[PDB]
Amino acid sequence: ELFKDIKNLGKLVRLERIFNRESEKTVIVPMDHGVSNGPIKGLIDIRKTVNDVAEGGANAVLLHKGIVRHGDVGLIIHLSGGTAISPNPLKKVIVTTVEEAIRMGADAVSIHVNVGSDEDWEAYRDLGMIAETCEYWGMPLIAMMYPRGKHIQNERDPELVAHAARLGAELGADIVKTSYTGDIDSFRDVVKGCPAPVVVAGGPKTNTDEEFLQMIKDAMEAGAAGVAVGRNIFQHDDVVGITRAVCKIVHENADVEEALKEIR
Amino acid sequence: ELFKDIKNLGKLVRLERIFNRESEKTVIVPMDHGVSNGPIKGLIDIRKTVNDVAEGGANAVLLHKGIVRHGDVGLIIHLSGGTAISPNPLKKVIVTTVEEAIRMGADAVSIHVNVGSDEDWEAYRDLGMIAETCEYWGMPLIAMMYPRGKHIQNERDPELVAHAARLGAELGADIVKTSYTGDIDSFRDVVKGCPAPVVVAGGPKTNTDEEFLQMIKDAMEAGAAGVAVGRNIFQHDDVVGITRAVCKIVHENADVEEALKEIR
Amino acid sequence: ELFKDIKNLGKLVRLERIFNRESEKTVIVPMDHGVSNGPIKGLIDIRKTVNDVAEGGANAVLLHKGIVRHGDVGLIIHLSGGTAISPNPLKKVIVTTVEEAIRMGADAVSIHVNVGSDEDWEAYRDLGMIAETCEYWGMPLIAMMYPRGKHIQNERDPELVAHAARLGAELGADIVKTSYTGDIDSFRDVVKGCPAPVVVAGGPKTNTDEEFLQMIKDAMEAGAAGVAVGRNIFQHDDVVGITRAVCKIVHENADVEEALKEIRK
Amino acid sequence: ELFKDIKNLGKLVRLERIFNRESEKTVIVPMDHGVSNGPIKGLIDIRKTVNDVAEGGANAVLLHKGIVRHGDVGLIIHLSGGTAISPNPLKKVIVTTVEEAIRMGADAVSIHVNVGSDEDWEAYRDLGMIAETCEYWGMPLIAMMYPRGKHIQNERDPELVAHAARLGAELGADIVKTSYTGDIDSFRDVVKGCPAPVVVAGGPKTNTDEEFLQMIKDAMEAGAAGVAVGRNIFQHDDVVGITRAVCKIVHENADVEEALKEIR
Amino acid sequence: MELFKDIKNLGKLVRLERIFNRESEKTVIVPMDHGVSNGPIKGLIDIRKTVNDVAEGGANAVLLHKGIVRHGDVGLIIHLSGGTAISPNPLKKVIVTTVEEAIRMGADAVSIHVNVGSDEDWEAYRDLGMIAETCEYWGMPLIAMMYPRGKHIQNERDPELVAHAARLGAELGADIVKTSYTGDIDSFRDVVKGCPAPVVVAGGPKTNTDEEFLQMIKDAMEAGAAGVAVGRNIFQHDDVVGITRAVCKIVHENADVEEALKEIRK
Amino acid sequence: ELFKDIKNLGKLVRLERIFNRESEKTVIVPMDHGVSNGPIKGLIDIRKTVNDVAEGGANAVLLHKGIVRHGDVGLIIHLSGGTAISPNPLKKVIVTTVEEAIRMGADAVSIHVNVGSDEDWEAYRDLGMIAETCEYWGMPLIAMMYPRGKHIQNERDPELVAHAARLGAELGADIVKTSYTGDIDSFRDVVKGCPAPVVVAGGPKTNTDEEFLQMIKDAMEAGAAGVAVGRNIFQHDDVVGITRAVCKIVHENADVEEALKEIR
Amino acid sequence: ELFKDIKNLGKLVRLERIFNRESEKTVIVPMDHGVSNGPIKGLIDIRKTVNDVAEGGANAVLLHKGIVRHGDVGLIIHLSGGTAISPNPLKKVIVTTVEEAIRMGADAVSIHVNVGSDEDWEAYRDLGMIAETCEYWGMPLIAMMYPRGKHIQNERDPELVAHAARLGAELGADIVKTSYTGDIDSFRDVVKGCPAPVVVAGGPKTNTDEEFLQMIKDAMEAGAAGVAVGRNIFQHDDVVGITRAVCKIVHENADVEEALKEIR
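Here the residue numbering is sequential from 1 along each chain as its sequence is written and may not follow the entry numbering; residues with no coordinates are omitted from view. All chains are assigned letters beginning at A, and all ligands numbers beginning at 1, according to the order in which they are written. Here we see only some chains of a larger assembly; the values are for those chains and no others. Hydrogens and waters are ignored; side-chain quantities use all the structure's heavy atoms. Residues with missing side-chain atoms are left out of burial classes, side-chain pairs and their counts.

Regarding how it was determined, this PDB entry cites X-ray crystallography in its header, along with a resolution of 2.60 Å.

Okay, structure coming up:
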């Protein structure tokens, strides 16, 4: 098992609702962008998007409580908030509690920490604290760790990303979301340096499908436990198909050539 | 039903006291300006105002607890505070609790978030947190979301307003108050991008009864679930009449000509 | 009845111990200056001042818990603190709780908000929050609202004062203490714009008893529900007499001539 | 007004949703019998009963939280429970909290105290305690006070009923439900001896409609503030009509003859 | 005020001064909590009136249940105990009101009733002791009505039982004790001397003659009572205002029975 | 929809893990007998039974926290405890909290109330109280209501059972477990008198599988929302087969003659 | 490993301090008799008994907090209290909290439940509740379950003991202390019917050593996870030797024959 070390009945039960039993990998489609960037392309009719991603084979959707309250897969409730309109766009505060996510039937919660941002230590505490709440409630915690701030030019730097992922594991996250470092070798270092399974983010919408799918394929190669892509899936012309494509690569290890056949 | 998705008995019961059953739209007359600008025109004799507006047919009045403690419509208690006299006029802090509003018999509470203001992330947290308190108490929450800050020249910008409204919905507000973007098309984007029903603000007192009523008419066209105008109603020569005019337009779908006739 | 809208048994009961039943007005002598300015003239022998002003006919004294703990008339416990020695003299923080004031037998509590001061929004929250505590405990709350800060030249500006008073009422205060605006008309605007009864502060000690008493007389004219003067009373040569003078103007609607007569030559 | 003495904004607001503004009287149809006697006649299809009652002009229905949770008038949530199957059928325990009733949007709560029953002092405490909770939350409290126990032969005895009603008012109830004492004079003593407005119970289904309507008419004469009948209304052949009869008597002081015309 | 010179509690001192006469340092309390125990009895049907009359006669304070206060200038004492004659155990008393509730109502004091000798009376011992601490914290003066009542008590006025009962109240924390007069000045002086807290006498059921009653109060004062707390003998009298005035004469001014009677009209 | 009236996101999500989506019925195999009767036949190797039963197609198993703490279907945690060895075998106390069940990943909790037993009113309170805890946490609550006590000769009496089930619904249970009344007509009354879906108990092991399967068939006919049988399944020679048989009747609505076939 | 199933880091760590790593069995010497029977033989100089037993190689001593507060082996703090002088000698109440035991450095806590005693259901609740506290704190819980009460003649009855042990496991105990049933076969039923490891009590001092050591030998044969004897050890002439003897039989599968060689 992937979580043979997790000595928490609650977490094991819930984690099984977001990870594919056979492949022991996960395809998470985060759709919390509304808070950060407003109603962007693909997240305007969230009810449809969630539904397609689900039909496409995604293991879980990641949303803010407000969206769940309105509109068959795993549910991950995001706990962090911050916007691009804010005088400090990198600031993240806790906007939702673990308890709220639990009473909503969520299978997991997620937090976002911009390591390197102003007063990022406040988020260090939030993560560590929420980690304990999650441990008590048997709620699996996904920590999106990113190296972002005034002194960080390359938010994809292998050292910074590996550090950021390690931070997440050290403080208690069960799973870590982070950026792909650009190449299989450096990303394998991120994976090896992080005691918790790592999942890659999709990044902004790529120009060519082959581009995006190859990145996911490489990340899996490096040892990723799955993926957590938003924009590259819901901003695609064929949401269901592109999701299906990603599932091929992640759960079946099918190559980009066979994957692409899924894109209608 | 507008809130067919709201799975909260308490909220449904209370929401019915601020929305017209037939039309499923609302006319809210916010009168919390006292805190922001002092005793302005129309809000000096609040007791009279509330009654005239009630007569005109407003569905609910929005006040600060202190005013309710003193002077047949629905009641919405405002939870946010900040003044123009403050060294940071855009700052808003929580001045009243949901529990206080509940023990006062209020049918809903409202919060104001100036997205883009200094330390606006603190209000993001307040909103998210209060949203959970409201969910627990079955208290409908109206979130007044506005793009306002040092780097925002046009607080009516379609992108900023749509983002602001989205933010409110994502964080848990049941209803969103925001500025009209100036034209039916851009505002329809605000409405479509926000999962929660949107209500328009009146803005400062306009020069003519048509200017104002046309704006409300357009907003309804764009898909607004109603209106929440203060100044344009209580600062009018015929409060009861102008309110009646707004109701015509909002609940019965009358056009400006047919509505203006209600003014004296 | 002045509080015929107050639907709170506890507050009504307590308010009656600080307001004159007949005049429906109040003469409050605040003596919390110790915290702000140290042991100033008149507040050195606080035990004497209180008794002196009490004999003169004051309805209530306003003190910090520490002074009450040491050495008839009503008691108002102040909840705010800040000093002139502080790098931010306009800052006010909550130094006493409503519960503490209640277990001390106080009839009311007071808070001070310098609207316009740095991070004054934090005091907005304190007021709003404390207002709820007061509502729960049936403790009447007096909010001293003043326009003070880096961008305020005239802290007596009619618009700013009226706004400040309104703020107090909106956030939950039962009574509002504020500065007189200088003239009957502008102050009447403050009174009319504030849903809660307003009480005037005395300001620094005046040169004449005729000026001070005239100011109070004018304020009453403008519609004040009473007065809350400190310095002009306890820093006077004849504390008892000056207090008696003020009571005539507030409770018996007498004139300045007939009132001045109460002072010991 | 009837609640000119009630110095509680929350209670006044809520009480207005269960009392007729003009008559200052109320017609409450309690339907909490399910807990006490199981699914009896008239309470099997509660959704329909509530519909007809409301339809018939009733001011409010009184239910247990479980029934509300399933299927336009005022709502009173009952807080007491006990059954006829219990080894002590007269025992009543608190089964629902005031807070729960508040988050459900209820306009009031009710408690049942069998004065004279075993360990009835425990209910005295419950009433007194709940009374305080209600006072804090601005929730009007209806106390059903009845003289019932091993040493009480006549549960309609004027002295016992007057005492029971007094008890309710002394301990904090805003309204008191009790049995009619059989005659206008003795019941007027109950009303005069109880500082809180008194409402009469209907008792078991009567044989003739006049037997029942006359009783209500007499109770109003004695000074009752309204009625709270269950069985005599929902167990009637024409629920809407009989309700409608009761209202005409209570709200318009029509006589039994004009009242009976409402029955089909 | 010499009566409570030992009370080291600012709150209690302030409040106690609103129920005790500054000069006589005695108190005339008119308890009207009978509604709960016996229903709307004679004199307590129009409580608003009784309360106003009693105040008109000069009583220092009225003692009521929260419900009655809630329904439309004397001191106010909120009763916290409840039990009824209709109950299968009429001597049982449970806490029906909290000290906090009394405080937020503006009450100047709270009262508890303990029937020492009744079934599970130890539960009331705990209530008293516990409430005493709540009162101490809130600066709320506590009046403990202590009575020897139960299955094995034939004479609820027995000097030994009453003195014990009063002592219990003081030991557990009551600031003032209400109890029955023992029938004679000497035995009652023992009750007063054995109880560290000032003792106030109950009126008992309505007497046949104004003399029986006023003489009893006069004797109690003689024995050292700090005042009186009579209900029935005052509000069930033909001239409530006058009989109250009579009682005040005795207690507050040490007038004698003959002079006190001059206050009762008719 | 069976739970269309349930306005609780958490409960809906969890309820879907114990009810078959197509038939909207459920097959629950309660195995909490250990506490009541010790290690009886079939519950000695609980780990086996749970899979044996799971294999046959059951929707959920019902266990005490202790058993879960040790040994793929839905999980219901029992909260009530009492034993046959107790001087009062009908007494039930709360031995587990809803919170504990939640942190264990349970999909629901159950309580047992012996209506008619000594101090059964204490369980009335427990049920009512726990119902509120369940409502807050979004945890579906199953209430096993049974008429049992010194004065109840026939614990299967139609009136008593219907009353007991009603009690459960009134106090807040989402689902009710109760005994079959012996015939389709009387049990239909139980179902109709209870606002919450009713599930039948299996009772002690029957002589022939026809009698048992016929009983279940009849119960479904009467309108049962499914079944909750323990002994008749785990004490059977072919646990997997008998479970499969039961599923055919409840999920496929098969007949005895055909259902009896699955029995290997 | 014995606690292969225990998914609780805290418990695993602590349990290792009371169980022999190589044998996965335990020798616990309970000395809480002081509370029950006063200062009996062997427990007068507790400081000496604890050390004597320690030298004998016992894995842990079980004491009441008061004794620890005065005086290298594992420590188990007892939480139950009751005495033979009590009008109800079988009554047990919680006299110590899990938290207190934790801040004292204890490795485990124990509770005593007399199944069948008056109001024993109150102890059922205590066990179930304490079990949850233990689970949260990672404190292993030992439940001493015994069938004792007015209707129990043979407190060693195989059925009653097996039931009692099962009860402990069902309610959450990690380990169960109980009486030996008299013969290897019936006791094996107790062990098999209880999901938690079972440890045997020593009972009153036996006349001969061969009597006692044989009993322990048989219990181990039946599948016991160790022993928890008090009187038979500390009331022996050679405490150290008899303890050594027990360790041989229990920890090394030694024979009664071989063991007795340890008694000097």
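From this point, the narrative continues.
Along the backbone of chain A there are 12 helices and 10 strands. Scaling as 2.2 N^0.38, a compact globule of 264 residues should have a C-alpha radius of gyration of about 18 Å, and chain A matches this with 17 Å. Along the first, second and third principal axes, the C-alpha set of chain A runs to 45 × 40 × 40 Å. The way it works is that DSSP assigns letters per residue, a run of H or I at least four long becomes a helix, a run of E at least two long becomes a strand, and they are numbered from the N terminus. The reference for a compact globule is 2.2 Å times residues^0.38; the radius of gyration itself is calculated from the C-alpha atoms.

Moving on, we get to the UniProt feature "binding site: 1-deoxy-D-threo-hexo-2,5-diulose 6-phosphate" in chain E. Residues and elements named next belong to chain E. UniProt positions are given in the numbering used here, feature names are shortened, and annotations may be inferred rather than shown by experiment. Mapped onto this numbering, the UniProt entry gives "binding site: 1-deoxy-D-threo-hexo-2,5-diulose 6-phosphate" at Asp33, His34, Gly35, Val36, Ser37, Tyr147, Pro148, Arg149, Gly203, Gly204, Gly231 and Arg232. Secondary-structure assignment places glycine 204 in the loop between β9 (199-202) and α9 (210-223). Residue classification places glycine 204 among the buried positions, given a relative accessible area of 18%. Structurally, the position occupied by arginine 232 is in helix α10 (residues 232-235). By definition, residues are in contact when any of their heavy atoms lie within 4.5 Å. When residues no more than four places from it in sequence are discounted, the contact partners of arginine 232 are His34, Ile41, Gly204, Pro205, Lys206 and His237. Burial classification: accessible surface area is computed with a 1.4 Å probe over protein chains only, and a residue below 20% of its type maximum counts as buried, one above 50% as exposed, and the rest as partly exposed.

Overlaid copies: least-squares superposition on C-alpha atoms. Mapping chain F onto chain D calls for a rotation angle of 72° and an axial translation of 0.1 Å; the resulting RMSD is 0.2 Å. Seen this way, the second copy is the image of the first under a five-fold rotation axis. If distances are taken from each C-alpha of chain F to the rotation axis, the shortest is found for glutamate 119 of chain F, at 10 Å.

Let us look at the interface of chain F and chain D. Counting residues at the interface gives 31 residues for chain F, matched by 32 residues for chain D. Roughly 2600 Å² is buried in total at the junction of chain F and chain D, and carbon and sulfur atoms are behind 64% of that figure. By buried area we mean how much accessible surface two parts lose on assembly, using a 1.4 Å probe and totalling the loss over both. The three residues of chain F that bury the most area against chain D are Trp121, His163 and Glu170 of chain F, which together make up 27% of that side's buried surface. The salt bridge criterion pairs a side-chain nitrogen of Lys or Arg with a carboxyl oxygen of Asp or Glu, the two atoms within 4 Å. The salt bridge involving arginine 69 of chain D is made with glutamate 135 of chain F; its shortest N-O contact spans 3.8 Å.

Note on terminology: a nonpolar core comprises buried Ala, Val, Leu, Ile, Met, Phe, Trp, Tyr and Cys residues joined through side-chain atoms within 4.5 Å. By size, the foremost hydrophobic cluster in this structure holds 168 residues, and its most contacted members are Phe187 and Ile216 of chain B together with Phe187, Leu213 and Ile216 of chain D. Not counting the four nearest positions on each side in its chain, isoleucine 216 of chain B is found in contact with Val227, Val229, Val246, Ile249 and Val250 of chain B. Judged by nonpolar contacts, the second largest core, of 157 residues, contains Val229 and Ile263 of chain A together with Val29 and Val176 of chain F.

Residue and element names in this part refer to chain A. Here, the residues flagged by UniProt with the feature "active site" are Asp32, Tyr146 and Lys177. Mapped onto the elements of the fold, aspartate 32 is located in the loop between β1 (26-30) and α2 (33-37). What makes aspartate 32 buried here is its relative accessible area of 9%. By secondary structure assignment, the location of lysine 177 is in strand β8 (residues 175-178). Judged by its relative accessible area of 8%, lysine 177 is buried.

What follows covers the sheet that holds strand β9 (residues 198-201) of chain D. All names here are of chain D. By definition, two strands form a pair when at least two bridges between them are found by DSSP. Taken in spatial order, the eight strands of this closed barrel run β1-β2-β3-β6-β7-β8-β9-β10, and their pairing is parallel. Strand-to-strand twist of the sheet, defined as the mean angle between neighbouring strand axes without regard to direction, takes the value 25°. Summarising the sheet, strand β6 (residues 108-115) and strand β7 (residues 141-147) pair through seven bridges and their orientation is parallel. Within β7, the residue paired with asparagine 114 across the bridge is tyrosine 146. Note on method: axes are straight lines fitted to C-alpha atoms, helices fitted across the in-contact stretch only, with angles between N-to-C directions ranging 0 to 180 degrees. Contacting β6 and β7, helix α6 (residues 121-137) runs over the sheet at an angle of about 165° to β6.

Residue and element names in this part refer to chain E. As recorded in UniProt, the feature "active site" lies at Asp33, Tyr147 and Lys178. Following the sequence through the fold, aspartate 33 ends up in the loop between β1 (27-31) and α2 (34-38). Residue class for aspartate 33 comes out buried when judged on its relative accessible area of 9%. Leave out the neighbours within four places in its chain, and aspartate 33 touches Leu63, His65 and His79. With relative accessibility at 5%, the residue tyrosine 147 sits in the buried group.

At the interface, 32 residues of chain A touch 32 residues of chain B. Of the roughly 2600 Å² buried at the junction of chain A and chain B (both faces included), carbon and sulfur atoms supply 64%. Scanning the region where chain A abuts chain B turns up two salt bridges. Here a polar contact is recorded for every N or O atom pair within 3.5 Å, except that within protein the pair must consist of a potential hydrogen donor and a potential acceptor, and residues adjacent in sequence are included only if both atoms are side-chain atoms. The tally of links between chain A and chain B comes to 11 residue pairs in polar contact. Within the residue set of the side of chain A that touches chain B, elements represented by two or more residues are α2, α4 (65-68), β5 (93-94) and α5 (98-103) of chain A. It is α2 of chain A that provides the largest number of residues to the side of chain A that touches chain B, a total of four residues. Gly is put with the polar residues, along with every residue not named as nonpolar or charged; the nonpolar set is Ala, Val, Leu, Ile, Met, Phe, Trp, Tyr, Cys and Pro, and the charged set is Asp, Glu, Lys and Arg. Residues of the side of chain A that touches chain B, tallied by class, amount to 12 nonpolar, 14 polar and six charged.

It is worth spelling out the pairing of strand β8 (residues 175-178) of chain D at this point. Residues and elements named next belong to chain D. Of the two faces of β8, both are covered, the one formed by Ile175 and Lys177 as well as the one formed by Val176 and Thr178. With three bridges joining them, β7 and β8 adopt parallel strand pairing. Paired with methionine 144 across the strands is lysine 177, a residue of β8. For crossovers, right-handed means that the path from the first strand over the helix to the second runs clockwise, given strands pointing away from the viewer. Taken together, β7, helix α7 (residues 158-170) and β8 form a β-α-β motif whose crossover is right-handed. By the bridge criterion, three bridges tie β8 to β9 in an arrangement that is parallel. Bridging across to β9, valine 176 finds its partner in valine 198. The β-α-β motif built from β8, the intervening helix α8 (residues 184-193) and the parallel element β9 has right-handed crossover chirality.

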